[PDB]
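The file work-v1.cif comes next; it holds mmCIF, C-alpha atoms and all ligand atoms.
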```cif
data_structure
loop_
_atom_site.group_PDB
_atom_site.id
_atom_site.type_symbol
_atom_site.label_atom_id
_atom_site.label_comp_id
_atom_site.auth_asym_id
_atom_site.auth_seq_id
_atom_site.Cartn_x
_atom_site.Cartn_y
_atom_site.Cartn_z
ATOM 1 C CA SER A 59 -29.602 -4.786 -11.598
ATOM 2 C CA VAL A 60 -27.366 -6.552 -14.043
ATOM 3 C CA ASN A 61 -26.993 -4.503 -17.169
ATOM 4 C CA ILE A 62 -25.422 -5.985 -20.239
ATOM 5 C CA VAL A 63 -23.307 -3.264 -21.840
ATOM 6 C CA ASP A 64 -21.106 -2.915 -24.842
ATOM 7 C CA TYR A 65 -17.587 -1.624 -24.390
ATOM 8 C CA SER A 66 -16.307 -2.926 -27.683
ATOM 9 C CA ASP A 67 -15.291 0.583 -28.754
ATOM 10 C CA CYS A 68 -12.665 0.779 -25.963
ATOM 11 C CA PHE A 69 -11.205 -2.656 -26.711
ATOM 12 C CA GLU A 70 -10.033 -1.508 -30.182
ATOM 13 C CA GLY A 71 -10.714 -4.954 -31.648
ATOM 14 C CA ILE A 72 -9.088 -6.913 -28.796
ATOM 15 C CA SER A 73 -11.154 -9.836 -27.503
ATOM 16 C CA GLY A 74 -12.163 -9.597 -23.860
ATOM 17 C CA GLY A 75 -14.711 -8.468 -21.335
ATOM 18 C CA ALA A 76 -15.299 -6.104 -18.439
ATOM 19 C CA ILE A 77 -17.358 -6.032 -15.291
ATOM 20 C CA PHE A 78 -18.034 -3.028 -13.118
ATOM 21 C CA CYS A 79 -20.049 -3.275 -9.952
ATOM 22 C CA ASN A 80 -21.363 -0.654 -7.505
ATOM 23 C CA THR A 81 -22.508 -2.208 -4.311
ATOM 24 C CA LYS A 82 -24.155 0.938 -2.846
ATOM 25 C CA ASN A 83 -26.843 0.187 -5.328
ATOM 26 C CA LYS A 84 -26.766 -2.966 -7.328
ATOM 27 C CA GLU A 85 -25.555 -1.749 -10.608
ATOM 28 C CA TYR A 86 -23.686 -4.686 -12.213
ATOM 29 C CA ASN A 87 -22.343 -3.618 -15.626
ATOM 30 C CA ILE A 88 -21.174 -6.558 -17.729
ATOM 31 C CA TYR A 89 -19.587 -6.610 -21.150
ATOM 32 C CA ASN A 90 -19.105 -10.164 -22.503
ATOM 33 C CA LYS A 91 -20.853 -12.238 -19.849
ATOM 34 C CA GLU A 92 -19.563 -15.657 -20.844
ATOM 35 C CA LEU A 93 -15.987 -14.409 -20.461
ATOM 36 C CA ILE A 94 -16.736 -12.592 -17.165
ATOM 37 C CA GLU A 95 -17.918 -15.879 -15.628
ATOM 38 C CA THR A 96 -14.905 -17.874 -16.910
ATOM 39 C CA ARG A 97 -12.150 -18.774 -14.424
ATOM 40 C CA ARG A 98 -8.525 -18.148 -15.430
ATOM 41 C CA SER A 99 -5.167 -17.845 -13.713
ATOM 42 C CA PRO A 100 -5.118 -14.511 -11.825
ATOM 43 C CA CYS A 101 -1.429 -14.126 -12.716
ATOM 44 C CA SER A 102 0.083 -11.082 -10.977
ATOM 45 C CA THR A 103 -3.309 -9.686 -9.907
ATOM 46 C CA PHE A 104 -2.910 -12.246 -7.101
ATOM 47 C CA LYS A 105 -0.256 -9.916 -5.657
ATOM 48 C CA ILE A 106 -3.219 -7.935 -4.288
ATOM 49 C CA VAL A 107 -4.133 -10.907 -2.119
ATOM 50 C CA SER A 108 -0.618 -12.156 -1.407
ATOM 51 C CA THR A 109 0.305 -8.694 -0.091
ATOM 52 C CA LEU A 110 -2.534 -8.873 2.441
ATOM 53 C CA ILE A 111 -1.486 -12.414 3.410
ATOM 54 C CA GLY A 112 2.104 -11.323 4.066
ATOM 55 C CA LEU A 113 0.902 -8.345 6.120
ATOM 56 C CA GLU A 114 -1.532 -10.490 8.102
ATOM 57 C CA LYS A 115 1.138 -13.068 8.953
ATOM 58 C CA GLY A 116 3.671 -10.354 9.744
ATOM 59 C CA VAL A 117 6.139 -11.356 7.028
ATOM 60 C CA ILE A 118 5.920 -7.704 5.934
ATOM 61 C CA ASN A 119 4.639 -4.722 7.860
ATOM 62 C CA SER A 120 4.452 -1.551 5.725
ATOM 63 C CA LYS A 121 4.884 -0.301 2.191
ATOM 64 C CA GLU A 122 8.628 0.096 2.982
ATOM 65 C CA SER A 123 9.067 -3.562 3.989
ATOM 66 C CA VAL A 124 11.914 -5.506 2.361
ATOM 67 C CA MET A 125 12.387 -9.226 1.653
ATOM 68 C CA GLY A 126 16.189 -9.501 1.985
ATOM 69 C CA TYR A 127 17.509 -9.395 -1.596
ATOM 70 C CA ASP A 128 20.340 -11.924 -1.862
ATOM 71 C CA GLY A 129 22.109 -10.479 -4.916
ATOM 72 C CA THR A 130 20.744 -12.821 -7.618
ATOM 73 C CA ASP A 131 21.142 -11.411 -11.136
ATOM 74 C CA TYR A 132 17.942 -10.591 -13.034
ATOM 75 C CA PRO A 133 17.393 -9.048 -16.492
ATOM 76 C CA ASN A 134 15.061 -6.367 -15.056
ATOM 77 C CA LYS A 135 17.400 -3.880 -13.370
ATOM 78 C CA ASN A 136 14.758 -2.924 -10.781
ATOM 79 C CA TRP A 137 14.694 -6.524 -9.505
ATOM 80 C CA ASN A 138 18.387 -6.373 -8.604
ATOM 81 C CA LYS A 139 17.970 -4.576 -5.273
ATOM 82 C CA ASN A 140 16.438 -4.688 -1.789
ATOM 83 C CA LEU A 141 13.234 -3.218 -3.048
ATOM 84 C CA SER A 142 10.319 -2.192 -0.850
ATOM 85 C CA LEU A 143 6.810 -3.642 -0.918
ATOM 86 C CA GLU A 144 5.578 -0.624 -2.880
ATOM 87 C CA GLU A 145 8.228 -1.139 -5.579
ATOM 88 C CA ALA A 146 7.932 -4.938 -5.712
ATOM 89 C CA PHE A 147 4.173 -4.523 -6.135
ATOM 90 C CA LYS A 148 4.463 -1.811 -8.791
ATOM 91 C CA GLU A 149 7.267 -3.695 -10.586
ATOM 92 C CA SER A 150 5.326 -6.943 -10.207
ATOM 93 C CA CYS A 151 8.618 -8.413 -8.940
ATOM 94 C CA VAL A 152 8.260 -12.189 -8.879
ATOM 95 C CA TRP A 153 11.194 -13.177 -6.628
ATOM 96 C CA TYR A 154 9.951 -10.827 -3.890
ATOM 97 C CA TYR A 155 6.428 -12.265 -3.862
ATOM 98 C CA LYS A 156 7.642 -15.862 -4.225
ATOM 99 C CA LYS A 157 9.902 -15.483 -1.204
ATOM 100 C CA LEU A 158 7.076 -13.792 0.714
ATOM 101 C CA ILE A 159 4.506 -16.523 0.055
ATOM 102 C CA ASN A 160 7.044 -19.262 0.793
ATOM 103 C CA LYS A 161 7.335 -17.916 4.348
ATOM 104 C CA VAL A 162 3.626 -18.791 4.930
ATOM 105 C CA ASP A 163 2.370 -22.314 5.593
ATOM 106 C CA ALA A 164 0.026 -23.678 2.942
ATOM 107 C CA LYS A 165 -2.889 -24.308 5.303
ATOM 108 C CA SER A 166 -3.048 -20.586 6.224
ATOM 109 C CA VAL A 167 -3.143 -19.646 2.544
ATOM 110 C CA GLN A 168 -5.842 -22.275 1.885
ATOM 111 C CA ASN A 169 -7.983 -20.915 4.750
ATOM 112 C CA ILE A 170 -7.548 -17.321 3.551
ATOM 113 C CA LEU A 171 -8.461 -18.120 -0.055
ATOM 114 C CA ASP A 172 -11.493 -20.099 1.174
ATOM 115 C CA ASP A 173 -12.637 -17.155 3.325
ATOM 116 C CA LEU A 174 -12.271 -14.812 0.333
ATOM 117 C CA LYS A 175 -14.035 -17.305 -1.964
ATOM 118 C CA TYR A 176 -11.064 -16.802 -4.265
ATOM 119 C CA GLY A 177 -12.165 -18.702 -7.348
ATOM 120 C CA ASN A 178 -11.344 -22.386 -7.190
ATOM 121 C CA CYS A 179 -8.977 -21.814 -4.207
ATOM 122 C CA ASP A 180 -6.719 -24.491 -5.752
ATOM 123 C CA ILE A 181 -3.167 -24.175 -4.423
ATOM 124 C CA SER A 182 -2.331 -27.866 -5.103
ATOM 125 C CA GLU A 183 0.395 -26.871 -7.605
ATOM 126 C CA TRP A 184 2.244 -24.720 -5.063
ATOM 127 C CA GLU A 185 5.499 -24.451 -7.051
ATOM 128 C CA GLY A 186 3.539 -23.554 -10.161
ATOM 129 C CA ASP A 187 3.877 -24.397 -13.829
ATOM 130 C CA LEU A 188 7.352 -25.939 -13.772
ATOM 131 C CA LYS A 189 7.033 -27.192 -17.356
ATOM 132 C CA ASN A 190 7.702 -23.646 -18.611
ATOM 133 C CA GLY A 191 11.364 -24.124 -17.541
ATOM 134 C CA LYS A 192 11.460 -21.029 -15.308
ATOM 135 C CA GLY A 193 12.033 -22.992 -12.092
ATOM 136 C CA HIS A 194 11.671 -20.892 -8.945
ATOM 137 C CA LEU A 195 10.123 -17.972 -10.932
ATOM 138 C CA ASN A 196 6.741 -19.720 -10.731
ATOM 139 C CA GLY A 197 3.863 -20.376 -8.354
ATOM 140 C CA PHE A 198 0.287 -21.580 -8.014
ATOM 141 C CA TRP A 199 -1.012 -18.133 -9.062
ATOM 142 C CA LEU A 200 0.937 -17.924 -12.382
ATOM 143 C CA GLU A 201 -0.798 -19.970 -15.093
ATOM 144 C CA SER A 202 -1.114 -22.818 -12.680
ATOM 145 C CA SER A 203 -3.659 -24.392 -10.377
ATOM 146 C CA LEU A 204 -5.331 -21.273 -8.996
ATOM 147 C CA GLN A 205 -8.097 -19.881 -11.167
ATOM 148 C CA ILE A 206 -10.640 -17.116 -10.697
ATOM 149 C CA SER A 207 -13.209 -15.412 -12.903
ATOM 150 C CA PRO A 208 -13.414 -11.647 -13.504
ATOM 151 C CA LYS A 209 -16.725 -11.752 -11.630
ATOM 152 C CA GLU A 210 -15.113 -13.434 -8.638
ATOM 153 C CA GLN A 211 -12.229 -10.934 -8.745
ATOM 154 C CA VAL A 212 -14.696 -8.033 -8.406
ATOM 155 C CA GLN A 213 -16.513 -9.811 -5.582
ATOM 156 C CA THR A 214 -13.221 -10.401 -3.748
ATOM 157 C CA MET A 215 -12.154 -6.759 -4.233
ATOM 158 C CA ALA A 216 -15.466 -5.470 -2.867
ATOM 159 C CA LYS A 217 -15.245 -7.821 0.124
ATOM 160 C CA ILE A 218 -11.724 -6.635 0.962
ATOM 161 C CA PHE A 219 -12.090 -2.908 0.412
ATOM 162 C CA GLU A 220 -15.586 -2.486 1.855
ATOM 163 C CA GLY A 221 -14.251 -3.832 5.155
ATOM 164 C CA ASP A 222 -16.073 -7.185 5.023
ATOM 165 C CA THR A 223 -13.039 -9.372 5.789
ATOM 166 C CA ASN A 224 -10.957 -9.754 8.940
ATOM 167 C CA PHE A 225 -7.906 -8.140 7.320
ATOM 168 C CA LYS A 226 -6.802 -5.111 9.357
ATOM 169 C CA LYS A 227 -7.812 -1.677 8.039
ATOM 170 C CA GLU A 228 -4.160 -0.659 8.408
ATOM 171 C CA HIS A 229 -3.235 -3.394 5.928
ATOM 172 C CA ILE A 230 -6.137 -2.576 3.601
ATOM 173 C CA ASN A 231 -4.898 1.024 3.518
ATOM 174 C CA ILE A 232 -1.352 -0.059 2.600
ATOM 175 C CA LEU A 233 -2.861 -1.893 -0.369
ATOM 176 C CA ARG A 234 -4.913 1.163 -1.355
ATOM 177 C CA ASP A 235 -1.719 3.235 -1.172
ATOM 178 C CA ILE A 236 0.387 1.026 -3.437
ATOM 179 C CA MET A 237 -2.510 0.205 -5.815
ATOM 180 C CA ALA A 238 -3.253 3.849 -6.661
ATOM 181 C CA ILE A 239 -2.568 4.751 -10.292
ATOM 182 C CA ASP A 240 -2.215 8.111 -12.004
ATOM 183 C CA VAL A 241 -4.911 8.409 -14.684
ATOM 184 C CA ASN A 242 -4.327 12.149 -15.443
ATOM 185 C CA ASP A 243 -7.772 12.813 -13.956
ATOM 186 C CA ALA A 244 -8.034 14.150 -10.406
ATOM 187 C CA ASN A 245 -11.836 13.877 -10.277
ATOM 188 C CA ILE A 246 -11.631 10.069 -9.961
ATOM 189 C CA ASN A 247 -9.362 7.832 -7.901
ATOM 190 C CA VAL A 248 -8.287 4.676 -9.715
ATOM 191 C CA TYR A 249 -6.637 1.681 -8.056
ATOM 192 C CA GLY A 250 -5.630 -1.591 -9.603
ATOM 193 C CA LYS A 251 -3.100 -4.202 -10.603
ATOM 194 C CA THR A 252 -2.133 -5.661 -13.963
ATOM 195 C CA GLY A 253 -1.585 -9.328 -14.700
ATOM 196 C CA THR A 254 0.048 -10.986 -17.701
ATOM 197 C CA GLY A 255 0.170 -14.636 -18.644
ATOM 198 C CA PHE A 256 -0.180 -16.911 -21.632
ATOM 199 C CA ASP A 257 -2.398 -20.008 -21.560
ATOM 200 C CA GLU A 258 -0.322 -22.472 -23.564
ATOM 201 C CA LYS A 259 -3.231 -24.950 -23.643
ATOM 202 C CA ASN A 260 -5.769 -22.612 -25.284
ATOM 203 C CA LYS A 261 -3.096 -20.438 -26.982
ATOM 204 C CA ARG A 262 -4.678 -17.300 -25.475
ATOM 205 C CA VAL A 263 -3.363 -14.518 -23.244
ATOM 206 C CA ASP A 264 -4.574 -13.988 -19.712
ATOM 207 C CA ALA A 265 -4.232 -10.203 -19.554
ATOM 208 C CA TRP A 266 -5.856 -8.463 -16.586
ATOM 209 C CA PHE A 267 -6.501 -5.154 -14.961
ATOM 210 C CA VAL A 268 -8.373 -5.572 -11.672
ATOM 211 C CA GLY A 269 -9.203 -2.868 -9.146
ATOM 212 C CA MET A 270 -11.569 -0.114 -8.062
ATOM 213 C CA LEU A 271 -12.755 3.335 -9.075
ATOM 214 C CA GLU A 272 -13.783 6.108 -6.649
ATOM 215 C CA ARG A 273 -15.928 8.836 -8.181
ATOM 216 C CA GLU A 274 -17.996 11.132 -5.932
ATOM 217 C CA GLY A 275 -19.049 8.887 -3.065
ATOM 218 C CA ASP A 276 -19.656 5.988 -5.466
ATOM 219 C CA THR A 277 -17.154 3.149 -5.644
ATOM 220 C CA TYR A 278 -17.041 0.731 -8.572
ATOM 221 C CA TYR A 279 -15.137 -2.547 -8.289
ATOM 222 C CA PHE A 280 -13.961 -3.665 -11.706
ATOM 223 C CA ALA A 281 -12.128 -6.362 -13.620
ATOM 224 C CA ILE A 282 -11.064 -6.096 -17.268
ATOM 225 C CA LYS A 283 -9.752 -9.231 -18.947
ATOM 226 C CA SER A 284 -8.558 -10.188 -22.416
ATOM 227 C CA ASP A 285 -8.331 -13.740 -23.729
ATOM 228 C CA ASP A 286 -7.008 -12.680 -27.123
ATOM 229 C CA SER A 287 -4.885 -14.969 -29.266
ATOM 230 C CA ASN A 288 -2.387 -12.168 -29.947
ATOM 231 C CA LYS A 289 0.615 -12.604 -27.622
ATOM 232 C CA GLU A 290 1.251 -8.847 -27.657
ATOM 233 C CA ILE A 291 -1.844 -8.287 -25.482
ATOM 234 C CA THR A 292 -0.550 -7.797 -21.929
ATOM 235 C CA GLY A 293 -1.752 -6.546 -18.571
ATOM 236 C CA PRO A 294 -0.517 -3.012 -19.333
ATOM 237 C CA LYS A 295 -2.413 -3.025 -22.649
ATOM 238 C CA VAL A 296 -5.604 -4.142 -20.878
ATOM 239 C CA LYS A 297 -5.051 -1.469 -18.223
ATOM 240 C CA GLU A 298 -5.115 1.109 -21.027
ATOM 241 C CA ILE A 299 -8.410 -0.372 -22.233
ATOM 242 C CA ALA A 300 -9.713 -0.146 -18.662
ATOM 243 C CA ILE A 301 -8.730 3.504 -18.380
ATOM 244 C CA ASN A 302 -10.475 4.300 -21.675
ATOM 245 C CA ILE A 303 -13.674 2.663 -20.397
ATOM 246 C CA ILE A 304 -13.496 4.567 -17.092
ATOM 247 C CA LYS A 305 -13.022 7.915 -18.844
ATOM 248 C CA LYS A 306 -15.763 7.307 -21.419
ATOM 249 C CA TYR A 307 -18.409 5.521 -19.363
ATOM 250 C CA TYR A 308 -17.678 6.227 -15.665
ATOM 251 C CA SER A 309 -17.026 9.972 -15.790
ATOM 252 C CA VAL A 310 -19.446 12.740 -14.831
HETATM 253 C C1 LIG A 401 2.425 -11.420 -13.535
HETATM 254 O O1 LIG A 401 1.433 -11.620 -14.241
HETATM 255 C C2 LIG A 401 3.826 -11.397 -14.160
HETATM 256 N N1 LIG A 401 3.954 -12.025 -15.489
HETATM 257 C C3 LIG A 401 4.814 -13.036 -15.713
HETATM 258 O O2 LIG A 401 5.144 -13.776 -14.802
HETATM 259 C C4 LIG A 401 5.456 -13.311 -17.014
HETATM 260 N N2 LIG A 401 6.583 -13.894 -16.973
HETATM 261 O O3 LIG A 401 7.211 -14.181 -18.044
HETATM 262 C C5 LIG A 401 8.227 -13.343 -18.609
HETATM 263 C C6 LIG A 401 4.981 -12.997 -18.393
HETATM 264 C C7 LIG A 401 5.259 -11.760 -19.009
HETATM 265 S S1 LIG A 401 4.623 -11.803 -20.626
HETATM 266 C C8 LIG A 401 4.060 -13.416 -20.427
HETATM 267 N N3 LIG A 401 3.415 -14.100 -21.403
HETATM 268 N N4 LIG A 401 4.337 -13.918 -19.199
HETATM 269 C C9 LIG A 401 4.336 -9.943 -14.154
HETATM 270 N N5 LIG A 401 3.195 -9.009 -14.328
HETATM 271 C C10 LIG A 401 3.125 -8.305 -15.626
HETATM 272 C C11 LIG A 401 1.953 -7.428 -15.460
HETATM 273 O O4 LIG A 401 1.943 -6.729 -14.437
HETATM 274 O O5 LIG A 401 1.038 -7.425 -16.304
HETATM 275 C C12 LIG A 401 4.314 -7.424 -15.912
HETATM 276 C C13 LIG A 401 4.141 -6.184 -16.345
HETATM 277 C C14 LIG A 401 5.718 -7.948 -15.718
HETATM 278 S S2 LIG A 401 5.602 -9.671 -15.370
#
```
Rewrite the coordinates I just gave you, this time as structure tokens.
Amino acid sequence: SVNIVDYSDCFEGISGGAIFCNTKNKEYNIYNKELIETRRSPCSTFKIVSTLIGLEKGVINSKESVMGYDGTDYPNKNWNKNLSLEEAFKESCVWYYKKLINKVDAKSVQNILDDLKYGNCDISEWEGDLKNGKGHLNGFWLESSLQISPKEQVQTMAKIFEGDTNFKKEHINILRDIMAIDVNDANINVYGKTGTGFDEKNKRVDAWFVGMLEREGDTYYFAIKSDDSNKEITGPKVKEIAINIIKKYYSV
């Protein structure tokens, strides 16, 4: 049952949409359908999938795993160290995940995205959007060739976390561990990942919060996405919108 809902009150005037889906039943809750079906760059929400890829290929092994920091200077102080998978994920550290993915052959990534039905599965622009001048701080998942809709994000999440892929449960559980977020509410478990990008073509943000909600035996897989024209609208902002929706509409 697809129910069209209105979560405009939690968006505080920001343009976007949301999709929550419970697979135990078939409750699909959709705010702004056109947007929910529209493919965009996943941005850093792809770090959910790239983490599983690195674990599956044995590039990394646990939430402590390191990628061999070489001392390069970065403006974010937390990038300037041999950080663990948990920290790189939570800091959304780009050099860590770029080095990780560049240890995997492209055909393995193609096959994994295909299996996950990950949007357009287009990794043709492997090095990413080089015209932004950022060089090696780029990749196919950052405002580049790969694109996925909020609906497909939710479907991918459900496939992964319901056990419907060949990824090892041990690796799934590492992801659950590092995806958990503190929502000041112990009656629900919230997991997710932000993403932030700007579509220079359309002059709109791609701001994401994608994840899952556990609330008394029921699990909801969700994706919240803004396409606002205001450049101040980021992943973290959209995560706050997501948390407001969860507290207002997915409590009990
Ligand atoms: C993933 O989406 C990352 N975003 C970027 O690569 C950006 N790089 O440019 C500085 C970016 C930041 S603002 C903008 N228009 N582009 C990392 N993920 C976000 C996130 O998690 O939402 C961050 C919090 C840090 S950057």
- Task: Run the PyMOL selection byres (((chain A and resi 213) around 9) and not hetatm) mentally over the shown coordinates, then write out the matched residues as a ChimeraX atom specification, using the chain letters and numbers from the document.
- Result: /A:79,174-176,208-212,214-218,279
- Message: Can you work out which residues are within 10 Å of ligand LIG 401 (chain A), considering all atoms listed in the file, and then hand them over as a PyMOL selection string?
- Response: chain A and resi 99-105+134+147-152+190+192+195-197+199-201+251-258+262-267+289-297
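You will find atom CA of residue A:278 at 7.5 Å from atom CA of residue A:81.
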- Task: Could you list the residues chosen by the PyMOL selection byres (((chain A and resi 184) around 10) and not hetatm) in this structure as an MDAnalysis selection string?
- Result: chainID A and resid 159:160 164 180:183 185:187 196:199 202:204
Write out, as an mmCIF file, in the coordinates of the input, the residues just selected, with C-alpha atoms.
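The result, stored in part-v2.cif:
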```
data_model
loop_
_atom_site.group_PDB
_atom_site.id
_atom_site.type_symbol
_atom_site.label_atom_id
_atom_site.label_comp_id
_atom_site.auth_asym_id
_atom_site.auth_seq_id
_atom_site.Cartn_x
_atom_site.Cartn_y
_atom_site.Cartn_z
ATOM 1 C CA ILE A 159 4.506 -16.523 0.055
ATOM 2 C CA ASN A 160 7.044 -19.262 0.793
ATOM 3 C CA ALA A 164 0.026 -23.678 2.942
ATOM 4 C CA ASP A 180 -6.719 -24.491 -5.752
ATOM 5 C CA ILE A 181 -3.167 -24.175 -4.423
ATOM 6 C CA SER A 182 -2.331 -27.866 -5.103
ATOM 7 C CA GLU A 183 0.395 -26.871 -7.605
ATOM 8 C CA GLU A 185 5.499 -24.451 -7.051
ATOM 9 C CA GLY A 186 3.539 -23.554 -10.161
ATOM 10 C CA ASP A 187 3.877 -24.397 -13.829
ATOM 11 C CA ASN A 196 6.741 -19.720 -10.731
ATOM 12 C CA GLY A 197 3.863 -20.376 -8.354
ATOM 13 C CA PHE A 198 0.287 -21.580 -8.014
ATOM 14 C CA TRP A 199 -1.012 -18.133 -9.062
ATOM 15 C CA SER A 202 -1.114 -22.818 -12.680
ATOM 16 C CA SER A 203 -3.659 -24.392 -10.377
ATOM 17 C CA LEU A 204 -5.331 -21.273 -8.996
#
```
- Message: If we count only C-alpha atoms and set the cut-off at 7 Å, which residues sit around residue A:86, ignoring sequence neighbours fewer than 6 positions away in its own chain? Please answer as a list in words.
- Response: residues 59, 60, 61, 78, 79 and 80 of chain A
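Interatomic distance, atom CA of residue A:88 against atom CA of residue A:300: 13.2 Å.
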- Result set of the PyMOL selection byres (((chain A and resi 95) around 10) and not hetatm) on the coordinates above, as a PyMOL selection string: chain A and resi 75+77+90-94+96-98+206-210
- Query: In file coordinates, which residues lie within 10 Å of (-3.2, -2.1, 3.4) using only C-alpha atoms, given as a count of residues only?
  - Reply: 23
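Atom CA of residue A:277 is positioned 13.1 Å from atom CA of residue A:87.
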Which residues are close to stretch 130-132 of chain A, i.e. within 12 Å by only C-alpha atoms, leaving aside same-chain residues fewer than 4 positions away? Reply as a PDB file with C-alpha atoms, in the coordinates of the input.
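Contents of the output file around-v1.pdb:
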```pdb
ATOM      1  CA  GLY A 126      16.189  -9.501   1.985  1.00  0.00           C
ATOM      2  CA  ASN A 136      14.758  -2.924 -10.781  1.00  0.00           C
ATOM      3  CA  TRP A 137      14.694  -6.524  -9.505  1.00  0.00           C
ATOM      4  CA  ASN A 138      18.387  -6.373  -8.604  1.00  0.00           C
ATOM      5  CA  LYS A 139      17.970  -4.576  -5.273  1.00  0.00           C
ATOM      6  CA  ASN A 140      16.438  -4.688  -1.789  1.00  0.00           C
ATOM      7  CA  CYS A 151       8.618  -8.413  -8.940  1.00  0.00           C
ATOM      8  CA  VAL A 152       8.260 -12.189  -8.879  1.00  0.00           C
ATOM      9  CA  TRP A 153      11.194 -13.177  -6.628  1.00  0.00           C
ATOM     10  CA  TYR A 154       9.951 -10.827  -3.890  1.00  0.00           C
ATOM     11  CA  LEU A 195      10.123 -17.972 -10.932  1.00  0.00           C
TER      12      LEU A 195
END
```
- Task: List the neighbours of residue A:305 out to 12 Å using only C-alpha atoms; skip same-chain residues closer than 2 positions along the sequence, and give me the result as a PyMOL selection string.
- Result: chain A and resi 65+68+241-248+271+273+298-303+307-310
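Minimum atom-to-atom distance to residue A:157, evaluated using only C-alpha atoms, belongs to A:112 out of A:133, A:191, A:112, A:177.
Comparing A:63, A:141, A:179, A:268 by their smallest distance to residue A:167, the closest is A:179 (using all atoms listed in the file).
For the residues A:220, A:287, A:282, A:125, ranking by smallest atom-to-atom distance to residue A:69 using only C-alpha atoms places A:282 first.
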Let me have the centre and edge lengths of the axis-aligned box enclosing all listed atoms of stretch 149-155 of chain A with 6 Å padding on every side, in Å to one decimal, as lines of an AutoDock Vina configuration file.
```
center_x = 8.3
center_y = -8.4
center_z = -7.2
size_x = 17.9
size_y = 21.5
size_z = 18.7
```
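Using all atoms listed in the file, the smallest distance between any of A:83, A:168, A:260, A:66 and residue A:111 comes from A:168.
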Could N, CA, C and O atoms be built for stretch 205-216 of chain A and written out as an mmCIF file, in the coordinates of the input?
```
data_model
loop_
_atom_site.group_PDB
_atom_site.id
_atom_site.type_symbol
_atom_site.label_atom_id
_atom_site.label_comp_id
_atom_site.auth_asym_id
_atom_site.auth_seq_id
_atom_site.Cartn_x
_atom_site.Cartn_y
_atom_site.Cartn_z
ATOM 1 N N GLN A 205 -7.331 -20.526 -10.106
ATOM 2 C CA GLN A 205 -8.097 -19.881 -11.167
ATOM 3 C C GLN A 205 -9.287 -19.130 -10.591
ATOM 4 O O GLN A 205 -9.934 -19.581 -9.640
ATOM 5 N N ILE A 206 -9.599 -17.994 -11.206
ATOM 6 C CA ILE A 206 -10.640 -17.116 -10.697
ATOM 7 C C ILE A 206 -11.265 -16.384 -11.878
ATOM 8 O O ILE A 206 -10.581 -16.062 -12.852
ATOM 9 N N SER A 207 -12.585 -16.146 -11.809
ATOM 10 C CA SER A 207 -13.209 -15.412 -12.903
ATOM 11 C C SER A 207 -13.135 -13.911 -12.651
ATOM 12 O O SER A 207 -12.984 -13.467 -11.504
ATOM 13 N N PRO A 208 -13.249 -13.101 -13.708
ATOM 14 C CA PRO A 208 -13.414 -11.647 -13.504
ATOM 15 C C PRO A 208 -14.516 -11.292 -12.515
ATOM 16 O O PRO A 208 -14.334 -10.409 -11.665
ATOM 17 N N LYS A 209 -15.656 -11.982 -12.593
ATOM 18 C CA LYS A 209 -16.725 -11.752 -11.630
ATOM 19 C C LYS A 209 -16.264 -12.038 -10.206
ATOM 20 O O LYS A 209 -16.562 -11.272 -9.280
ATOM 21 N N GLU A 210 -15.547 -13.142 -9.999
ATOM 22 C CA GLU A 210 -15.113 -13.434 -8.638
ATOM 23 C C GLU A 210 -14.033 -12.461 -8.178
ATOM 24 O O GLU A 210 -13.940 -12.170 -6.979
ATOM 25 N N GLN A 211 -13.218 -11.948 -9.107
ATOM 26 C CA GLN A 211 -12.229 -10.934 -8.745
ATOM 27 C C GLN A 211 -12.920 -9.710 -8.158
ATOM 28 O O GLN A 211 -12.538 -9.221 -7.087
ATOM 29 N N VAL A 212 -13.953 -9.210 -8.856
ATOM 30 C CA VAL A 212 -14.696 -8.033 -8.406
ATOM 31 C C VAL A 212 -15.330 -8.287 -7.050
ATOM 32 O O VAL A 212 -15.328 -7.417 -6.174
ATOM 33 N N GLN A 213 -15.894 -9.476 -6.861
ATOM 34 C CA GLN A 213 -16.513 -9.811 -5.582
ATOM 35 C C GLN A 213 -15.485 -9.820 -4.454
ATOM 36 O O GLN A 213 -15.743 -9.317 -3.356
ATOM 37 N N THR A 214 -14.320 -10.412 -4.709
ATOM 38 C CA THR A 214 -13.221 -10.401 -3.748
ATOM 39 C C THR A 214 -12.773 -8.974 -3.427
ATOM 40 O O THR A 214 -12.596 -8.617 -2.255
ATOM 41 N N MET A 215 -12.563 -8.147 -4.458
ATOM 42 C CA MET A 215 -12.154 -6.759 -4.233
ATOM 43 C C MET A 215 -13.146 -6.048 -3.328
ATOM 44 O O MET A 215 -12.761 -5.434 -2.322
ATOM 45 N N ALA A 216 -14.436 -6.114 -3.681
ATOM 46 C CA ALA A 216 -15.466 -5.470 -2.867
ATOM 47 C C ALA A 216 -15.433 -5.979 -1.432
ATOM 48 O O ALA A 216 -15.528 -5.187 -0.488
#
```
